[PDB]
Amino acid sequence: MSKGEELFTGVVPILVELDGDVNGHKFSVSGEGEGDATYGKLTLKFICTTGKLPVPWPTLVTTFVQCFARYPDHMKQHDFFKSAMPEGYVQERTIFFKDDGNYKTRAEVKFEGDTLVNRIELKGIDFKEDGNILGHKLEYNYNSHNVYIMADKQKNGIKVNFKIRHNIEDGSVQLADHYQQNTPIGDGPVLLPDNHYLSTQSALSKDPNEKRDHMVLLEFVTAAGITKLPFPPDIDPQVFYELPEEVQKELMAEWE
């Protein structure tokens, strides 16, 4: 269904680089591993290269390559992510942690030679100093989620929405609402899909021999489904909050 699809038939090496700033606390993370879209499997190890990470590792899972999803044969014409390859796509999100701050991310996901690279900038603002995120109150674990995808024909891309459940050490749950958009970097044709979702599962672990602050991440992803107010990635939050609340709400309707 796409030429990009051919780049994913085997095991592909992956590099991830993130520069982050959350409430002015700067950090960098490097990751490496591999993806196997035939199985929908991703395996990655990340190291904080700047010292200790100032937010919980699980808050960064979604930021740290949906081109590795397994699309069933009957759904191959709906796989935007591989169709954009090798030139790649820009993935932008705004992520809202309930009763706490937000992340804004921009990533480029593309081939550099035979390696799939995810290069990310992340800015977080408005976090509470002893809230769940800056206070490191999240459990080191992850649950299963459905990631809902719709075409955005005007932008020649997709919009994506989902809500992550982060378990808190006291037994509560901290929700992270994700508003995502992806657009091709190159000029070649891409597949714009009918509505569907990715069933995503993740598990986090540690390397007992690794003394640097780090995360080992396993994800399994399979497509299915075909037989202060939140602001979107394109609007500076500064301008957004000057709009009437009715308008702020109406601007978010496209994410469903």
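Numbering starts at 1 and runs along the sequence shown.
Trainee: Select one of none, 1 to 3, 4 to 9, or 10 or more to describe the deposited residues without coordinates separating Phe64 and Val65.
Mentor: The entry has 1 to 3 unmodelled residues between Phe64 and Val65.
Trainee: Counting only residues that lack coordinates, how big is the gap in the deposited sequence between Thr227 and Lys228? Pick none, 1 to 3, 4 to 9 or 10 or more.
Mentor: Missing in between: 10 or more residues.
Trainee: Which is higher in the entry, the mean Cα B factor of 76-84 or that of 140-148?
Mentor: Mean B over CA atoms: larger for 76-84.
Trainee: Would you mind comparing 151-159 and 175-183 for me and telling me which has the higher average C-alpha temperature factor in the entry?
Mentor: It is 151-159.
Trainee: When the CA B-factors of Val12, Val16, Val247, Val22 are compared as recorded in the entry, which is the largest?
Mentor: Highest C-alpha B-factor among the listed residues goes to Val247.
Trainee: Report the option among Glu92, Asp100, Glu121, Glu169 whose CA atom has the maximum B-factor in the deposited record.
Mentor: Across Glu92, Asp100, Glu121, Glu169, the entry lists the biggest C-alpha B-factor for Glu169.
Trainee: If you rank every modelled residue in this chain by C-alpha B factor, which third holds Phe27: lowest, middle or highest?
Mentor: Middle third.
Trainee: For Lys128, does the deposited CA B-factor place it in the lowest, middle or highest third of the chain?
Mentor: Highest third - that is where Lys128 ends up once the chain's C-alpha B-factors are sorted.
Trainee: Determine, from the deposited record, the chain-internal third of the Cα B-factor for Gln201: lowest, middle or highest.
Mentor: It belongs to the lowest third of the chain when residues are ordered by C-alpha B-factor.
Trainee: Could you tell me which third, lowest, middle or highest, the C-alpha B-factor of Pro56 occupies within its chain?
Mentor: Lowest third - that is where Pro56 ends up once the chain's C-alpha B-factors are sorted.
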